[PDB]
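Its first residue numbered 14, the sequence shown is counted upward by one per residue in full-length UniProt numbering. We put the beta carbon where it would ideally sit given N, CA and C, even for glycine.
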Amino acid sequence: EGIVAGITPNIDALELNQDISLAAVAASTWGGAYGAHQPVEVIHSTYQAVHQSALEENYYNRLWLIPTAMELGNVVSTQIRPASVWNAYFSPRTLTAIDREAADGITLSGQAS
Numbered sequence: 014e015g016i017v018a019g020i021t022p023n024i025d026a027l028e029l030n031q032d033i034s035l036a037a038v039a040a041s042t043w044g045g046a047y048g049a050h051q052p053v054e055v056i057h058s059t060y061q062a063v064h065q066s067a068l069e070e071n072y073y074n075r076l077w078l079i080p081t082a083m084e085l086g087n088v089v090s091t092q093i094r095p096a097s098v099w100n101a102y103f104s105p106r107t108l109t110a111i112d113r114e115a116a117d118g119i120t121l122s123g124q125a126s
């Protein structure tokens with residue numbers, strides 16, 4: 014009937030500030046499409062296979078990294094900048110840790126571990 018379309022290399026590696034889009038469904042196969050009823054429709058079901066996809070699954074289901082390169086330039090006073098991350102997973106993505114290297118003097122206030 015229908016099993017898989019693919020599109021695993023494209024979307025996962027595409028120009029997406031997210032990744033692993035529509036990945037959980039791959040293992041979650043299930044399937045009960047076969048079968049037709051007669052609500053006096055006409056009943057014309059042919060082939061019923063898989064093909065292509067939205068092709069625009071962009072920016073779905075993981076963290077974000079808005080800042081890519083910071084131009085601090087000359088630092089002479091206490092500066093404050095925002096850092097944000099957006100998780101689109103239906104389940105949280107817990108950060109393992111923040112290994113601070115040469116980052117002494119940089120602190121985050123109002124946030125837990």
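From which residue to which residue does the alpha helix (DSSP H) around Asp25 run? The sequence position of residue 25 within the sequence shown is 12, counting from 1. From DSSP, the alpha helix (DSSP H) with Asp25 extends over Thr21 to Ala26.
I'd like to check one pair, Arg94 with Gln31: are the Cβ atoms closer than 8 Å? The count along the sequence shown starts at 1 and reaches residue 31 at position 18. The count along the sequence shown starts at 1 and reaches residue 94 at position 81. Result no, Cβ atoms of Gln31 and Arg94 do not sit closer than 8 Å.
Buried or exposed for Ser34, going by 16 or more other Cβ atoms inside 10 Å? Residue numbering aside, residue 34 sits at position 21 when the sequence shown is read from its first letter. Classification of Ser34: buried, given that the 10 Å Cβ count is 16 or more.
Using 10 angstroms around the beta-carbon of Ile79, count the other beta-carbons present and answer buried if the total reaches 16, otherwise exposed. Locating residue 79 in the sequence shown gives position 66, where the first residue counts as 1. So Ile79 ends up on the exposed side.
When you compare each of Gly45, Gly44 and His64 to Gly19 by their alpha carbons, which one comes out closest? Here residue 19 is taken as the residue at index 6 of the sequence shown, counted from 1. Among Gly45, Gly44 and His64, the Cα nearest to that of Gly19 belongs to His64.
Using the Cβ count rule (16 or more neighbours within 10 Å means buried), how would you classify residue 7? The first residue shown for the chain is 14 and the last is 126, placing residue 7 beyond what the model contains.
From which residue to which residue does the alpha helix (DSSP H) around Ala110 run? Translated into the one-based positions of the sequence shown, residue 110 becomes position 97. Neither: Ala110 is in no alpha helix (DSSP H) and is coded neither H nor E.
Run of the alpha helix (DSSP H) containing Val88, from where it starts to where it stops: Position 75 of the sequence shown, counted from the start, is the residue given in the question as residue 88. Premise fails: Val88 is in no alpha helix (DSSP H) and is neither H nor E.
Give a yes or no on whether the C-beta atoms belonging to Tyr73 and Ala101 are separated by under 8 Å. In the sequence shown, counting from the first residue as 1, residue 73 sits at position 60. In the sequence shown, counting from the first residue as 1, residue 101 sits at position 88. Against a cut-off of 8 Å, the Cβ pair of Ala101 and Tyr73 comes out as a contact.
Other residues of its chain near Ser41: CB distance less than 8 Å, five sequence neighbours each side excluded: Here residue 41 refers to the residue found at position 28 when the sequence shown is read from its first residue. Correct list: empty, nothing qualifies.
Cα-Cα separation between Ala39 and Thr107, rounded to whole angstroms: Against the sequence shown, residue 39 aligns to sequence position 26. Against the sequence shown, residue 107 aligns to sequence position 94. Whole-angstrom Cα-Cα distance: 22 Å.
In terms of residues, what are the limits of the alpha helix (DSSP H) holding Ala40? Within the sequence shown, the letter at position 27 stands for residue 40. Segment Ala37 to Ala40, the alpha helix (DSSP H) holding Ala40.
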